[PDB]
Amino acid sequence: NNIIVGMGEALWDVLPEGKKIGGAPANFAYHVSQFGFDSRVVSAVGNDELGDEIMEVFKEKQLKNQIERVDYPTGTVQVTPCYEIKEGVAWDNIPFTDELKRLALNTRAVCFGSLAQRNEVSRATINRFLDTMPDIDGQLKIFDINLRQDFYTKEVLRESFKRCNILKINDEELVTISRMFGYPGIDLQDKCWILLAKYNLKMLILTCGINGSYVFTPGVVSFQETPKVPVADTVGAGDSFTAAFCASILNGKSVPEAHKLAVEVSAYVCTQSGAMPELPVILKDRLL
């Protein structure tokens, strides 16, 4: 089966200058659909104006979804270089429905993060989705760990490492994990090797910002420099990386080919103001 799912938060980044849609899930779903995949955003919003607004934007972007309405406000991040991630919100309460069960059974690749597991309701839904979803036929379960503030526990991380088969992590988050799990003093690569082997990962993607990015597979490292481009805004670039990497791997590309496309896609997205720019056709051609 066939469907690619981005699952987690969907919210408004409410800046003094106005508000903007945010959420790694929708961004991943969007970018994977640029590469011809049938994608769904799985989240929840409130029966409120902000929720209606989100749903209209996704309609406008032609972004297909299985978003439920729940009895909690649509999520927001109040922005002040500082972020208040409002709690007790709709995306903390994504329900595990009969329909979501069926979606999980039919899902080819999913990407999920840590933030949307902070609350017991969404955490339970996410884990049940993953445990329902098959993986014996090359399906991808991508944990784009994305640590936010202090919204993570050791148990949430450990269970997610167990459920995923691809981890995407940055070099500072890798330091944090290594501290939590008792190997802080070793080499960067050795930290990655532990995670790759311990959790039987197909791949581990390590991003190091201006210092490039790595993809680890057993016995093999792929490394790419980060291009310097004229940044408009980096919003959505990391999600577009994950989406392009996913698309490439599912298309049958090698890891080095996937890694290269992911870097180029991220670089392009950084040149654009919004999180969901239409991708260049010459980058889409890479999956021919």
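Don't overthink the numbering: it's just position in the shown sequence, from 1.
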item	value
Between neighbours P81 and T80, residues that the deposited sequence lists but the model omits	4 to 9
31-39 set against 229-237, stretch whose average Cα temperature factor tops the other in the entry	229-237
Given 273-281 and 15-23, the range whose Cα B-factors average higher in the PDB entry	15-23
Largest Cα B-factor, entry values, listed residues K168, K198, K86, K191	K86
Peak C-alpha temperature factor (PDB record), options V221, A258, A44, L63	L63
Chain third (lowest, middle, highest) by recorded CA B-factor, residue given as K162	highest
Entry-reported Cα temperature factor of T97, expressed as the chain third it lands in	lowest
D131 - which third its CA temperature factor falls in, relative to the rest of the chain	middle
Relative C-alpha B-factor of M7, binned into the chain's lowest, middle or highest third	lowest
Entry-reported Cα temperature factor of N211, expressed as the chain third it lands in	highest
